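First, one chain by itself: the form deposited in one PDB entry, in structure tokens.
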């Protein structure tokens, strides 16, 4: 230890960070010690980490460390996620911001550049976590696209397919013509945008009219019906007729359908299954054959599409499309409108739609496999309000498109016969085998799906792929049901649920026993922190400015009840300042036991007090950790250390130390140990440095959690008496306008036994000598247990003392009033505890007694 005046994290953290980095806390399946498991949610290989991740891992670490030194086999599986779609976009940008882009350089040369990036980003992420003191079993670091994990998916898919659950068809898919790939619902964002709602109208067979309101005019040529609510009899004479479509000679039918909202536009809508999910739905509800007018490049093409209108852009197609309507006479009324325009969550461009042969996953069945558990009580949720939010999600699931036309992810394991057009999917038993002949036509010619999987598809395979489940390892046997899943609600759907499936379906058991959902950190502005918003702060920018133990402490302190966390640097100071206080407290004890000269070993009230107040602390804090309420523990230990140890105990001990008392110097050292223990999970660095200098131990992390010792009833009540006498006096001086160090005489009445037995402490703390005889005239301070009288010697600020006391009375009678009203209240007398009632009575007893002392003094004073 190098005990300077102020604590410099930079002289401590880095050396320990490295010591822990180079020598991980490796897990042992045969440790024959109760395990505790946590799967770290793998950070996306896109850039660095931000304060969010920090909150996330900081919480995890604190649990790992606690559990570890609590007696378990702390297993925290680290790892990074390839991000798929994400990383893709990221590397593309780096490229273009150079000159060339994706297509510009093959599917190889590019797939290369992405890995180089996977290294930078994946590497940086690891440092960051190491520097934040992550005691993660880096021996088992995993990576979504490493051999051991790529096997987890490939097998997972195989079992799915050959099980039926994973199929291939042409359901409708949300497609982004930017990235050229299908997305999933959860992957697209519908952000309200100003547009135009056009009402077109056209010829009915025999009769003459039908009117429709569509945001996209171009999608008319691909119509297959006009839908009208079932009960909207305003169309009763149009129901079942026809409709030449504008510019066409195509005659669409007029059908009913519950999905038509009569009150929107005209009571009827156009139906275009090949270009929209609502129409596709209604479409395939009256069996309407799909038909497209625009291709994946987002351009015009099709049978219906009219000459000269086929070709150019999807939008530059509706402009000229409208003019050909009104000027042709079918465009009735156009008008502004705020449309719920769907865009690609990761590139912005508005998604299109298309029927494509893709890989889907019968979610309906799986989802229930999970609900079975939740329903039973298998999984626990911390905020707990998320149980429902989860279940209700699974309640209404929709077959998930697993395919992706991206160049990143896992090349799916499916082979297509260039002859009988059949799919060849390796079986479980030989999942690793690449078919060489079609099991349909027996042909040798085969072609493998060039698609890729959804990053979210592999990620749902984590509580398994980190334990080598592609196979059947010992890790997976020793610790599969994870103990607590830490993550922020932002991915409770695309991860937590997805994983609950893999777990209940591939293992028939909860992937984890408790799901811990913490809020999200967000810029001061109140909005979420994320690479996308461009509102991110590197955790290392903060660590270098306040220190890792600080950053860790802020973040935990603030993570209360799964609530979000608004960025407020003030909280980072809060933390730093506290580290420093903890530090100083330690410096004092270290510098104290310096050249100490033992001269007695006498138990001191102050000692017996802090020991007791400590058990109280250990008990409380443990239970808090036991309830996964770290944020609370954080402020409960702040309390202990600062307000009970530094503010009162250390001070109360200085005289005894000058007096060369060993029992005290001892107690200080012992109490400081336990405290360093308690604080460790949150502030690991400083807490270790200190503990080593204090006891020689080089790995506090491995020490055992403290157990509450005794608890001294009287002692605690005795020392409170003291605290009061001391504060009374220093409150008097304050009011009198007397300087702090000013020598002073005082007289005490009441529970004074404590002050008498521990004179020197009283003196040292109040800076006052005790008067044997009560002074006639004097300034008075009335405290609950004790009362203080200060002689009128010197120049005192009576106006102040007056005001202050004229104000305590204004309050003591007020308190007496409330109590009276209670005690004499209907029902309160007996309908309340035989305790809260007799005590609320002992409040009245003394609120008066004090009000009296003050009243008398207050008036007595000339």
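Heads up, when I say rigid core I mean the largest set of C-alphas that superpose within 1.5 Å between the two forms. Shifts are known only where both forms have a C-alpha. Numbering follows the first chain given and starts at 1.
The form deposited in another entry exists for this protein as well; it is not shown, and the discussion that follows is about that form.
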{"item": "Candidates 322, 238, 95, 492 - which moves between the shown form and the other one, C-alpha at least 2 Å, core fixed", "value": "95"}
{"item": "Exceeds or equals 2 Å, Cα of residue 619 between the shown form and the other one, core fit", "value": "no"}
{"item": "Rigid core superposed: residue 760 CA moves 2 Å or more between the shown form and the other one", "value": "no"}
{"item": "Large Cα move at residue 104 between the shown form and the other one, threshold 2 Å, rigid core", "value": "yes"}
{"item": "Relative Cα spacing, residue 99 and residue 124, in the other form - shift of 3 Å or more", "value": "closer"}
{"item": "Structural rearrangement between the shown form and the other one, runs of 3 or more with C-alpha shift of 2 angstroms or more, core superposed", "value": "94-104"}
